[PDB]
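Everything below concerns the one structure shown next.
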Amino acid sequence: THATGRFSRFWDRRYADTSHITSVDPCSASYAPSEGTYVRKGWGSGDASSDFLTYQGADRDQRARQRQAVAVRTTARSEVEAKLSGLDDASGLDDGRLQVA
Amino acid sequence: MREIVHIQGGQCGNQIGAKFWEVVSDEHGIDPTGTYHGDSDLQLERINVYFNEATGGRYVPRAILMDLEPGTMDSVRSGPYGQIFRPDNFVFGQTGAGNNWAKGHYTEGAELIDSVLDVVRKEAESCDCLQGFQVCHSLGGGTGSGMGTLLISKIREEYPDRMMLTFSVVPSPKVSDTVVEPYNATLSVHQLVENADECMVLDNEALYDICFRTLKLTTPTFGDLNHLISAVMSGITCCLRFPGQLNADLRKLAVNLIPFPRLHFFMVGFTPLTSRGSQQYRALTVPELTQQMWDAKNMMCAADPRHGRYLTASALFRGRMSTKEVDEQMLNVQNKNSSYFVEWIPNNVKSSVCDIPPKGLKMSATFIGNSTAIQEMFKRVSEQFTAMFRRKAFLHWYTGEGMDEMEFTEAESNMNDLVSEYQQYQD
Amino acid sequence: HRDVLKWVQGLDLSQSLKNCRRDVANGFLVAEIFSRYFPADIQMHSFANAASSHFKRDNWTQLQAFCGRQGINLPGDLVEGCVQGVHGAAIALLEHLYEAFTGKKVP
Amino acid sequence: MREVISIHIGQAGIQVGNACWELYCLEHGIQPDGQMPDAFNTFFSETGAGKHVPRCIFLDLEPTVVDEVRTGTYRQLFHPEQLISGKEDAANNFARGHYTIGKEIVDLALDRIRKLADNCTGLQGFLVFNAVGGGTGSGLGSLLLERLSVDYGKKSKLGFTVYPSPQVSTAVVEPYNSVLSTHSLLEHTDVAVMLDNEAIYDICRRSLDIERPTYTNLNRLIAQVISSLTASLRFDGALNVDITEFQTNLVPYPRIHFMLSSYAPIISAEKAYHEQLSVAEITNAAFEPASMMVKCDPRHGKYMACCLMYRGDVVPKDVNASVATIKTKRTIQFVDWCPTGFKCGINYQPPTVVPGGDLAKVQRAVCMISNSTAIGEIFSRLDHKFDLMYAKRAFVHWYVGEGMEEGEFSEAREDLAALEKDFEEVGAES
Amino acid sequence: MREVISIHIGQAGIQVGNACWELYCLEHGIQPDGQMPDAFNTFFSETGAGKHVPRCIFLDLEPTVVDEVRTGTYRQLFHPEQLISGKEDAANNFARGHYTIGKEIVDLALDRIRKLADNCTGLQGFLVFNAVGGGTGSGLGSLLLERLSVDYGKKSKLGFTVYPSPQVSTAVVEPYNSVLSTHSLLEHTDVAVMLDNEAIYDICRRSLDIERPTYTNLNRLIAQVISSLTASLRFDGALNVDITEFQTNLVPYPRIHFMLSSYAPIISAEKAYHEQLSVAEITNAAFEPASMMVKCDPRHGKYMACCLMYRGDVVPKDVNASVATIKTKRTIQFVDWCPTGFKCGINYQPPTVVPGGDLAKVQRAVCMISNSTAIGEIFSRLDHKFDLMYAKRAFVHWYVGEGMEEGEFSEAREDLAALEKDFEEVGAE
Ligand SMILES: Nc1nc2c(ncn2[C@@H]2O[C@H](COP(=O)(O)OP(=O)(O)OP(=O)(O)O)[C@@H](O)[C@H]2O)c(=O)[nH]1
Ligand SMILES: Nc1nc2c(ncn2[C@@H]2O[C@H](COP(=O)(O)OP(=O)(O)OP(=O)(O)O)[C@@H](O)[C@H]2O)c(=O)[nH]1
Ligand SMILES: Nc1nc2c(ncn2[C@@H]2O[C@H](COP(=O)(O)OP(=O)(O)O)[C@@H](O)[C@H]2O)c(=O)[nH]1
Ligand SMILES: [Mg+2]
Ligand SMILES: [Mg+2]
């Protein structure tokens, strides 16, 4: 209702919504959900300090996850390795041949 | 508590700044009614840099809307975020400049200069400490070019200590809305060198180029350029409005950029510009911002920075960023291509960081660059001016309003003077 | 040649020549030579014997700074060739220092 | 008693000291509100009943860094008018910080120093925290140190000045400001402890295994240097050292008072289970050139004098065993005229860990503060940097117009040039 | 981190890449929409949260194959800006792909290469895909590899170029383009893995029993060769063979970088049940000339270098039993100055099977890439085609009018003639 008569007839095209050229998709890597934007540098509080330095927590957790996954893969490979290296002359081979003969 | 007074001039100045006040009010949480609805107390810590408190919790901008025709004053008022502005600051004419630099400067604009100098003086005395004055206008018009630059001349005699941010757009060759456009540009730049403390140069042909190859917009409307310029102005004052690990005021960026008083023309590029198709596929990191920021296609001036060496540079970072990762990227871009950086100014780049990013962005940056490559744009204006002036084309509109041809030659004699002092630092 | 081979043996440096192009690459031998001709200005204690590129650049930067201070000249191109290990740069620097320190003639 | 008044100048002074006063409250158990739930007397003043106020001032021309302390967690800790704010920043301008806008705010600065120095019975020293690259740290820090020399004669002052780095710097007019501030801290500062940001970046990269350090990570372990050096005044130990004895043992000549700093155990939480911290282990680690907080290599120069600040479970028996192993090391040498260089101090309290910090629980620590002739090359890095800057007169119109005359640039130049001749002559063999 | 960049040039490059990127997304569990429901870092650069984009560029002057990817089943996987299309194709003309309509698209090609190069921390090499018989693959492939050498020095480039067949070709001016494109890849490519469509036709007829094959069948088992070549970087194994390992063991001279290709177990599920795939049985199939991916006879030449990429349940002992029996067999022949010419690489992951591929589930696989002097017999046939072709000077006005000078046909002729001369004398005893 606060429009001059010459601008009210073409108000739609004139102003519109030009925020999309800098706003991003909410389900994207660039989006911040209005909670981490207004962080304060936390001196006395350790959790506030971690929240302010969350990228250090991020890459520390990335390295921890990578080493945990490598540990899981190497334990599985070691189990398969032990099962495959357990085979020898004392294993259950040639016994059926001996029984048939 | 470092206040900035904003002045908008003409069709280009009002439309740019109306979009500018939409962004900064959204960042500070002011609704179109005028109250406050933000979620954090950080928006009220430095609300006074752009907003004067009023009765009832309303916050009014420190904006002086100024024009020689009343049509564009109603354009800002009728749109959204238009009721925040004080109606007392709406200074307007009745006739219109008519794309005439003399009408803005000498004949018709002089009746409004005493009117607009009163509201400038009223707004400067109201606030405590002036950080500087922000002006946004055009150079190809008649209101923002002619009447705008005499306001720059008048405001510097009254306040010779405070800063001057001129977000003046320069006429382009490829997009040419006006045929006397090189005439008004050369006269305005002559009045801009000797008055303004620092100038940021924008071109519409570069803003079109950004909107086509970066943003991938099929039909870039005329307000999509102004939102790019809105992100420019919101980035310069980010350290004033918000806390930071390393602050940078307008005076701090001025001393770090210009080595000499006349080298005060920069070019700005807002860094995290992504197309909607590519938004999910680009990861924002500190190194990923640096490659887009230094890209030649991202800068909002028509001058290619690869032609001339960067004299100095300025980086304005916003978000949760590591200062080692921030400033080691500045030594990577200084070591990888040292041929584009000048040698007698070692460590050309000034870097500063803020911990409050803009709304909806995890990380953002803004670049201010003083380079000797910016002379290429003044050459094209000087080439067009020298082409028309020797034939005395279109001069009877100019000489009929009291502007003699002597100051037309003086304006060109300052045009190649700025080009020459740019050129001797390219060697 | 034989004159500079006799000359480097008379200095009695700790490092053995063998393949001198690889030996003087780290800068330890030329640093020892400069320390012998100027004991007060340059000592061996300001030099680390290592094959690392950063330590090599540090040692050759020390040598360049102190020889520029003292007036002794060796080519920066020869320094770059020595730190990059190109053939003949070490030999050419050896005869250049042989002429520069105490004046004799090259055949 | 014994007290220190820690003044923090410039933004870097506030942020370093903001991490410092976090560390001092955890050292003495003081809560952030200031209520304790006798060693606190040096840094904190007992006021009324159950309230401790720090003996510090936070002065900066820019209001936006000083109100962050006002709004933040430590709001109740400080006296509200003890944090001096300014109307506008110096904006990296030495002339603004020294002449134009630094003259108005320094009158209030000396007033609270008089109020703080009257409160303490026996004043021991002044801690000056600033960065000479900025306008406030160099400009206002120059005139404040000058006015402290005339207001308090002979009283000791300690300068922890963050210094511009060779490779990395955050500004362009920094070599102009640092050269001008070099003259100011040459005569006024009694012991100037150099600090460099790239070296402290390098420490956190390898020792604290953080590939993206920030200013918050630097100032936490810069605070560990200040706490360890000043721990002898607070807590009892086998060999206590005061500020007055610290100067006479480390400053051989009145114009050679520049120091290098190193903190030996910089160990993350994961590494600390495997790392061994013997007394000889940390003394070897302290003298490693990679462990320094100044981008400077001691191999180029000679160690003129050294100090070792041992914290935690360190007996006086094995500190001398580590001294003998350092003195017999070939890579580390002393000057010929100083046979006894080490001046060791031992304290009985282990360093504490801040919540959310990166340093681990460590029994014993070493804070090595030593005078060296290798310091002459960091002054020569910006002797050549500023000379080509001044060669054809850039950024001088900013400094000429704000009160300073042109000739004061020359006066700060042979001050640095005659400083360079002094280190090479003193470290020369005799 | 071990991390590679793949470049696909031309119609053959895009369609091979479609089958290749189908297999890498299946190996790491990457769904086509881009979400995993740690080894992917060599091929997929993770972007923030829940998205993995390929480190590839699909550049072609032909627009119809680029937007087929944009509208296919993999629209959500690839970055839209990395997908580079042009207005008009080079149209079988080496002059057009190099000089006239190659310059205006190579500047955008390097710009996307710059953004991919500085994003990846440790770049291992470029896996370039092109076809020397076409206009874009030969022409733009020449111009791109000119710029990659100048911009990125001493950095490895692996080339899988589809080379024309003596019997069959889908074009007439292929002898012109392939001769001109060989000089470009001779001085600039570090690894050249030849591929011939007729040989992969003959592989499909007898191995998979698919006697009417298409290009989709060809690109799927080409993709098994490329994936097993780079499978050492991705997954852990007994013998890791990095990208830089391949050059130092397979090229003995800088101008000799042409290698045959073979993939030994290529069977269907109706064939896999009866066949007992042993390591010795598989390795004998790799050295068979029937399984070679270039229409060539290895018996005419001599094996100068070799490389074996073992995948799956391969004990490191039985590979040496296969190497020993191969060296004793006299139908192969190694050159007298290379007594140890084998490079064995063992990976602990069985190869994935694409839903719908002709290949079946195999517990073991071998990717064979061996340098031989028989490649001199490959270029000799196409040299005879071009010598007959150029003698009466036909199909030349197309090349002359589009920028190229007449003497560049002549200069590219002794380049292949010198390549013939070198391959004869190096293998000579
Ligand atoms: N160690 C450390 N150094 C800092 C920090 N913040 C800034 N610095 C240093 O300060 C320099 C920037 O100039 P400053 O001294 O901060 O300038 P200022 O204190 O803001 O004073 P003004 O010039 O008035 O703005 C940089 O070179 C940094 O090395 C910090 O948080 N920690
Ligand atoms: N293996 C394989 N080869 C192909 C495929 N498509 C085309 N080719 C080969 O490519 C050669 C012709 O060049 P193309 O790649 O089709 O076309 P181009 O190189 O892009 O040249 P222009 O079409 O003019 O742009 C033919 O001889 C085919 O052998 C394919 O899908 N798979
Ligand atoms: N980027 C941008 N440019 C504008 C806008 N409005 C006008 N211009 C430019 O300004 C020039 C003409 O300005 P003009 O209307 O004569 O300004 P006035 O005389 O002060 O009213 C044209 O070349 C336009 O490109 C705007 O909203 N955004
Ligand atoms: Mg400041
Ligand atoms: Mg094609």
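Identifiers in this document derive from the order of the structure tokens: chains are assigned A, B, ..., residues are numbered from 1 separately in each chain, and ligands are numbered from 1 in order of occurrence.
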
Counting only C-alpha atoms and all ligand atoms, what are the residues of chain D within 12 Å of ligand 4, and for each of them which pair of atoms is the nearest and at what distance in Å, to one decimal? Sort the table by chain and rising number, as a Markdown table.
```
| residue | atom | partner | partner_atom_place_in_ligand_line | distance |
| --- | --- | --- | --- | --- |
| D:8 | CA | ligand 4 | 1 (Mg) | 11.9 |
| D:9 | CA | ligand 4 | 1 (Mg) | 9.0 |
| D:10 | CA | ligand 4 | 1 (Mg) | 5.4 |
| D:11 | CA | ligand 4 | 1 (Mg) | 5.0 |
| D:12 | CA | ligand 4 | 1 (Mg) | 8.1 |
| D:13 | CA | ligand 4 | 1 (Mg) | 9.7 |
| D:14 | CA | ligand 4 | 1 (Mg) | 9.9 |
| D:15 | CA | ligand 4 | 1 (Mg) | 11.2 |
| D:59 | CA | ligand 4 | 1 (Mg) | 10.2 |
| D:60 | CA | ligand 4 | 1 (Mg) | 6.6 |
| D:61 | CA | ligand 4 | 1 (Mg) | 6.4 |
| D:62 | CA | ligand 4 | 1 (Mg) | 5.3 |
| D:63 | CA | ligand 4 | 1 (Mg) | 8.7 |
| D:64 | CA | ligand 4 | 1 (Mg) | 8.8 |
| D:65 | CA | ligand 4 | 1 (Mg) | 8.0 |
| D:66 | CA | ligand 4 | 1 (Mg) | 10.1 |
| D:85 | CA | ligand 4 | 1 (Mg) | 10.9 |
| D:86 | CA | ligand 4 | 1 (Mg) | 10.0 |
| D:87 | CA | ligand 4 | 1 (Mg) | 11.5 |
| D:88 | CA | ligand 4 | 1 (Mg) | 8.8 |
| D:89 | CA | ligand 4 | 1 (Mg) | 5.4 |
| D:90 | CA | ligand 4 | 1 (Mg) | 6.3 |
| D:91 | CA | ligand 4 | 1 (Mg) | 6.2 |
| D:92 | CA | ligand 4 | 1 (Mg) | 7.1 |
| D:93 | CA | ligand 4 | 1 (Mg) | 9.7 |
| D:94 | CA | ligand 4 | 1 (Mg) | 11.3 |
| D:96 | CA | ligand 4 | 1 (Mg) | 11.4 |
| D:97 | CA | ligand 4 | 1 (Mg) | 9.7 |
| D:102 | CA | ligand 4 | 1 (Mg) | 11.8 |
| D:130 | CA | ligand 4 | 1 (Mg) | 10.5 |
| D:131 | CA | ligand 4 | 1 (Mg) | 9.8 |
| D:132 | CA | ligand 4 | 1 (Mg) | 11.2 |
| D:133 | CA | ligand 4 | 1 (Mg) | 10.2 |
| D:134 | CA | ligand 4 | 1 (Mg) | 6.6 |
| D:135 | CA | ligand 4 | 1 (Mg) | 6.6 |
| D:136 | CA | ligand 4 | 1 (Mg) | 5.6 |
| D:137 | CA | ligand 4 | 1 (Mg) | 7.7 |
| D:138 | CA | ligand 4 | 1 (Mg) | 10.3 |
| D:139 | CA | ligand 4 | 1 (Mg) | 10.7 |
| D:140 | CA | ligand 4 | 1 (Mg) | 10.5 |
| D:141 | CA | ligand 4 | 1 (Mg) | 11.9 |
```

**Request:** Within 7 Å of chain B, which residues of chain D are there when counting only C-alpha atoms? Please give them as a ChimeraX atom specification.
**Result:** /D:64-65,87-88,91-92,168,170-173,201,212-215,388-389,394-395,397-398

With N, CA, C and O atoms retained, export the selected residues as a PDB file, in the first residue's frame.
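File produced: part.pdb:
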```
ATOM      1  N   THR D  64      36.633  -1.586  19.007  1.00  0.00           N
ATOM      2  CA  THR D  64      35.961  -2.841  18.689  1.00  0.00           C
ATOM      3  C   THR D  64      36.666  -4.069  19.248  1.00  0.00           C
ATOM      4  O   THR D  64      36.101  -5.166  19.179  1.00  0.00           O
ATOM      5  N   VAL D  65      37.870  -3.928  19.793  1.00  0.00           N
ATOM      6  CA  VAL D  65      38.575  -5.082  20.337  1.00  0.00           C
ATOM      7  C   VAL D  65      38.534  -5.010  21.859  1.00  0.00           C
ATOM      8  O   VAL D  65      38.647  -6.031  22.547  1.00  0.00           O
ATOM      9  N   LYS D  87      38.336   6.724  20.461  1.00  0.00           N
ATOM     10  CA  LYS D  87      37.301   7.157  19.527  1.00  0.00           C
ATOM     11  C   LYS D  87      37.473   6.489  18.168  1.00  0.00           C
ATOM     12  O   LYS D  87      36.502   6.014  17.571  1.00  0.00           O
ATOM     13  N   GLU D  88      38.702   6.446  17.662  1.00  0.00           N
ATOM     14  CA  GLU D  88      38.975   5.823  16.376  1.00  0.00           C
ATOM     15  C   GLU D  88      40.385   5.255  16.395  1.00  0.00           C
ATOM     16  O   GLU D  88      41.236   5.679  17.179  1.00  0.00           O
ATOM     17  N   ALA D  91      44.923   3.218  12.728  1.00  0.00           N
ATOM     18  CA  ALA D  91      44.850   2.773  11.335  1.00  0.00           C
ATOM     19  C   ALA D  91      46.240   2.613  10.723  1.00  0.00           C
ATOM     20  O   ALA D  91      46.560   3.212   9.696  1.00  0.00           O
ATOM     21  N   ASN D  92      47.078   1.820  11.400  1.00  0.00           N
ATOM     22  CA  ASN D  92      48.405   1.413  10.924  1.00  0.00           C
ATOM     23  C   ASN D  92      49.322   2.604  10.659  1.00  0.00           C
ATOM     24  O   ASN D  92      50.270   2.510   9.878  1.00  0.00           O
ATOM     25  N   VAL D 168      55.745 -13.633   5.816  1.00  0.00           N
ATOM     26  CA  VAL D 168      54.330 -13.330   5.961  1.00  0.00           C
ATOM     27  C   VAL D 168      54.161 -12.031   6.741  1.00  0.00           C
ATOM     28  O   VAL D 168      54.894 -11.765   7.698  1.00  0.00           O
ATOM     29  N   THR D 170      50.689  -9.051   7.543  1.00  0.00           N
ATOM     30  CA  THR D 170      49.291  -8.740   7.303  1.00  0.00           C
ATOM     31  C   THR D 170      49.070  -7.331   6.775  1.00  0.00           C
ATOM     32  O   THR D 170      47.916  -6.938   6.581  1.00  0.00           O
ATOM     33  N   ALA D 171      50.131  -6.561   6.543  1.00  0.00           N
ATOM     34  CA  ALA D 171      49.964  -5.186   6.098  1.00  0.00           C
ATOM     35  C   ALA D 171      51.161  -4.764   5.260  1.00  0.00           C
ATOM     36  O   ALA D 171      52.142  -5.498   5.117  1.00  0.00           O
ATOM     37  N   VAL D 172      51.063  -3.559   4.707  1.00  0.00           N
ATOM     38  CA  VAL D 172      52.042  -3.044   3.761  1.00  0.00           C
ATOM     39  C   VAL D 172      52.904  -1.953   4.379  1.00  0.00           C
ATOM     40  O   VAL D 172      54.097  -1.864   4.091  1.00  0.00           O
ATOM     41  N   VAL D 173      52.325  -1.123   5.245  1.00  0.00           N
ATOM     42  CA  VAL D 173      53.054  -0.011   5.846  1.00  0.00           C
ATOM     43  C   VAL D 173      53.703  -0.455   7.149  1.00  0.00           C
ATOM     44  O   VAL D 173      54.191   0.377   7.924  1.00  0.00           O
ATOM     45  N   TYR D 201      53.552 -19.860  14.097  1.00  0.00           N
ATOM     46  CA  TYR D 201      52.809 -20.688  13.151  1.00  0.00           C
ATOM     47  C   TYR D 201      53.501 -22.025  12.930  1.00  0.00           C
ATOM     48  O   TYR D 201      52.841 -23.069  12.859  1.00  0.00           O
ATOM     49  N   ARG D 212      45.937 -25.936  10.519  1.00  0.00           N
ATOM     50  CA  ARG D 212      45.336 -24.612  10.365  1.00  0.00           C
ATOM     51  C   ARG D 212      45.334 -23.887  11.705  1.00  0.00           C
ATOM     52  O   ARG D 212      44.290 -23.787  12.363  1.00  0.00           O
ATOM     53  N   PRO D 213      46.480 -23.372  12.144  1.00  0.00           N
ATOM     54  CA  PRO D 213      46.498 -22.570  13.370  1.00  0.00           C
ATOM     55  C   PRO D 213      45.931 -21.180  13.129  1.00  0.00           C
ATOM     56  O   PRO D 213      45.856 -20.691  12.002  1.00  0.00           O
ATOM     57  N   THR D 214      45.528 -20.544  14.223  1.00  0.00           N
ATOM     58  CA  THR D 214      44.950 -19.210  14.187  1.00  0.00           C
ATOM     59  C   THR D 214      45.631 -18.345  15.235  1.00  0.00           C
ATOM     60  O   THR D 214      46.582 -18.768  15.897  1.00  0.00           O
ATOM     61  N   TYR D 215      45.136 -17.113  15.387  1.00  0.00           N
ATOM     62  CA  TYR D 215      45.677 -16.230  16.412  1.00  0.00           C
ATOM     63  C   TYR D 215      45.332 -16.716  17.812  1.00  0.00           C
ATOM     64  O   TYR D 215      46.080 -16.450  18.758  1.00  0.00           O
ATOM     65  N   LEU D 388      64.267   0.085   0.483  1.00  0.00           N
ATOM     66  CA  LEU D 388      63.699   0.180  -0.857  1.00  0.00           C
ATOM     67  C   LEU D 388      62.287   0.746  -0.819  1.00  0.00           C
ATOM     68  O   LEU D 388      61.820   1.311  -1.814  1.00  0.00           O
ATOM     69  N   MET D 389      61.587   0.575   0.304  1.00  0.00           N
ATOM     70  CA  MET D 389      60.319   1.268   0.506  1.00  0.00           C
ATOM     71  C   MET D 389      60.513   2.778   0.512  1.00  0.00           C
ATOM     72  O   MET D 389      59.766   3.513  -0.143  1.00  0.00           O
ATOM     73  N   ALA D 394      57.167   6.046  -0.773  1.00  0.00           N
ATOM     74  CA  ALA D 394      55.793   5.565  -0.740  1.00  0.00           C
ATOM     75  C   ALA D 394      55.249   5.602   0.681  1.00  0.00           C
ATOM     76  O   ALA D 394      55.982   5.384   1.645  1.00  0.00           O
ATOM     77  N   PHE D 395      53.946   5.879   0.788  1.00  0.00           N
ATOM     78  CA  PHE D 395      53.216   5.942   2.061  1.00  0.00           C
ATOM     79  C   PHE D 395      53.806   6.969   3.023  1.00  0.00           C
ATOM     80  O   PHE D 395      53.683   6.832   4.241  1.00  0.00           O
ATOM     81  N   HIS D 397      53.264  10.411   2.475  1.00  0.00           N
ATOM     82  CA  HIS D 397      52.278  11.484   2.545  1.00  0.00           C
ATOM     83  C   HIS D 397      51.261  11.240   3.651  1.00  0.00           C
ATOM     84  O   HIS D 397      50.714  12.195   4.212  1.00  0.00           O
ATOM     85  N   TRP D 398      50.991   9.973   3.970  1.00  0.00           N
ATOM     86  CA  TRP D 398      50.170   9.665   5.135  1.00  0.00           C
ATOM     87  C   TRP D 398      50.876  10.054   6.424  1.00  0.00           C
ATOM     88  O   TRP D 398      50.244  10.562   7.356  1.00  0.00           O
TER      89      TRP D 398
END
```

**Message:** Taking only C-alpha atoms and all ligand atoms into account, which residues have an atom no farther than 8 Å from ligand 5? I'd like them as a ChimeraX atom specification.
**Reply:** /E:10-12,60-62,65,89-92,134-137

Grab the residues selected above and save them as a PDB file, in the first residue's frame with N, CA, C and O atoms.
```pdb
ATOM      1  N   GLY E  10      37.142 -35.509 -27.349  1.00  0.00           N
ATOM      2  CA  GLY E  10      36.526 -36.056 -28.540  1.00  0.00           C
ATOM      3  C   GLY E  10      35.432 -37.062 -28.255  1.00  0.00           C
ATOM      4  O   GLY E  10      35.173 -37.455 -27.115  1.00  0.00           O
ATOM      5  N   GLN E  11      34.786 -37.490 -29.346  1.00  0.00           N
ATOM      6  CA  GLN E  11      33.648 -38.408 -29.266  1.00  0.00           C
ATOM      7  C   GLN E  11      34.033 -39.730 -28.618  1.00  0.00           C
ATOM      8  O   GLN E  11      33.264 -40.289 -27.828  1.00  0.00           O
ATOM      9  N   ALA E  12      35.219 -40.246 -28.941  1.00  0.00           N
ATOM     10  CA  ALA E  12      35.687 -41.469 -28.298  1.00  0.00           C
ATOM     11  C   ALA E  12      36.004 -41.232 -26.829  1.00  0.00           C
ATOM     12  O   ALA E  12      35.801 -42.121 -25.996  1.00  0.00           O
ATOM     13  N   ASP E  60      34.612 -31.354 -25.828  1.00  0.00           N
ATOM     14  CA  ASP E  60      34.405 -31.775 -27.203  1.00  0.00           C
ATOM     15  C   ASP E  60      33.795 -30.612 -27.965  1.00  0.00           C
ATOM     16  O   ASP E  60      32.952 -29.890 -27.430  1.00  0.00           O
ATOM     17  N   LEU E  61      34.231 -30.434 -29.210  1.00  0.00           N
ATOM     18  CA  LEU E  61      33.584 -29.453 -30.068  1.00  0.00           C
ATOM     19  C   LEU E  61      32.213 -29.925 -30.530  1.00  0.00           C
ATOM     20  O   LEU E  61      31.377 -29.095 -30.901  1.00  0.00           O
ATOM     21  N   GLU E  62      31.968 -31.231 -30.511  1.00  0.00           N
ATOM     22  CA  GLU E  62      30.666 -31.778 -30.865  1.00  0.00           C
ATOM     23  C   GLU E  62      29.718 -31.631 -29.680  1.00  0.00           C
ATOM     24  O   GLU E  62      29.984 -32.199 -28.615  1.00  0.00           O
ATOM     25  N   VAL E  65      27.401 -35.092 -27.846  1.00  0.00           N
ATOM     26  CA  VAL E  65      27.856 -36.101 -26.898  1.00  0.00           C
ATOM     27  C   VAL E  65      28.044 -35.499 -25.506  1.00  0.00           C
ATOM     28  O   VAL E  65      27.961 -36.214 -24.501  1.00  0.00           O
ATOM     29  N   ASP E  89      31.597 -29.049 -34.549  1.00  0.00           N
ATOM     30  CA  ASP E  89      32.659 -30.023 -34.376  1.00  0.00           C
ATOM     31  C   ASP E  89      33.820 -29.744 -35.327  1.00  0.00           C
ATOM     32  O   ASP E  89      33.697 -28.997 -36.301  1.00  0.00           O
ATOM     33  N   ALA E  90      34.965 -30.357 -35.023  1.00  0.00           N
ATOM     34  CA  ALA E  90      36.120 -30.250 -35.905  1.00  0.00           C
ATOM     35  C   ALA E  90      35.891 -30.948 -37.237  1.00  0.00           C
ATOM     36  O   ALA E  90      36.535 -30.581 -38.225  1.00  0.00           O
ATOM     37  N   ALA E  91      34.994 -31.937 -37.269  1.00  0.00           N
ATOM     38  CA  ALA E  91      34.566 -32.638 -38.481  1.00  0.00           C
ATOM     39  C   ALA E  91      35.750 -33.278 -39.208  1.00  0.00           C
ATOM     40  O   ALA E  91      36.110 -32.888 -40.318  1.00  0.00           O
ATOM     41  N   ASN E  92      36.384 -34.235 -38.525  1.00  0.00           N
ATOM     42  CA  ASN E  92      37.407 -35.125 -39.085  1.00  0.00           C
ATOM     43  C   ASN E  92      38.620 -34.384 -39.638  1.00  0.00           C
ATOM     44  O   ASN E  92      39.390 -34.948 -40.419  1.00  0.00           O
ATOM     45  N   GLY E 134      39.938 -38.933 -35.266  1.00  0.00           N
ATOM     46  CA  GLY E 134      38.947 -37.891 -35.423  1.00  0.00           C
ATOM     47  C   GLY E 134      39.553 -36.505 -35.512  1.00  0.00           C
ATOM     48  O   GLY E 134      40.766 -36.320 -35.468  1.00  0.00           O
ATOM     49  N   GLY E 135      38.674 -35.513 -35.654  1.00  0.00           N
ATOM     50  CA  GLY E 135      39.139 -34.139 -35.735  1.00  0.00           C
ATOM     51  C   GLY E 135      39.467 -33.551 -34.375  1.00  0.00           C
ATOM     52  O   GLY E 135      40.543 -32.981 -34.175  1.00  0.00           O
ATOM     53  N   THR E 136      38.539 -33.673 -33.425  1.00  0.00           N
ATOM     54  CA  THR E 136      38.743 -33.079 -32.108  1.00  0.00           C
ATOM     55  C   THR E 136      39.776 -33.856 -31.301  1.00  0.00           C
ATOM     56  O   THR E 136      40.648 -33.257 -30.663  1.00  0.00           O
ATOM     57  N   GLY E 137      39.696 -35.188 -31.322  1.00  0.00           N
ATOM     58  CA  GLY E 137      40.619 -35.991 -30.536  1.00  0.00           C
ATOM     59  C   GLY E 137      42.059 -35.856 -30.991  1.00  0.00           C
ATOM     60  O   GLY E 137      42.983 -35.892 -30.173  1.00  0.00           O
TER      61      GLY E 137
END
```

**Request:** Pull the helix (DSSP H, G or I) assignments for segment 191-297 of chain B out of DSSP run on the backbone, and list those residues as a PyMOL selection string.
**Result:** chain B and resi 191-193+204-213+224-236+238-241+250-257+286-293+296-297

**Message:** Which residues are near ligand 3 in this structure, taking near to mean any atom at most 9 Å from a ligand atom and counting only C-alpha atoms and all ligand atoms? Format them as a PyMOL selection string.
**Reply:** chain B and resi 9-17+19+67-69+72+96-101+104+137-148+169-172+175-178+181+202-205+207-208+222-229
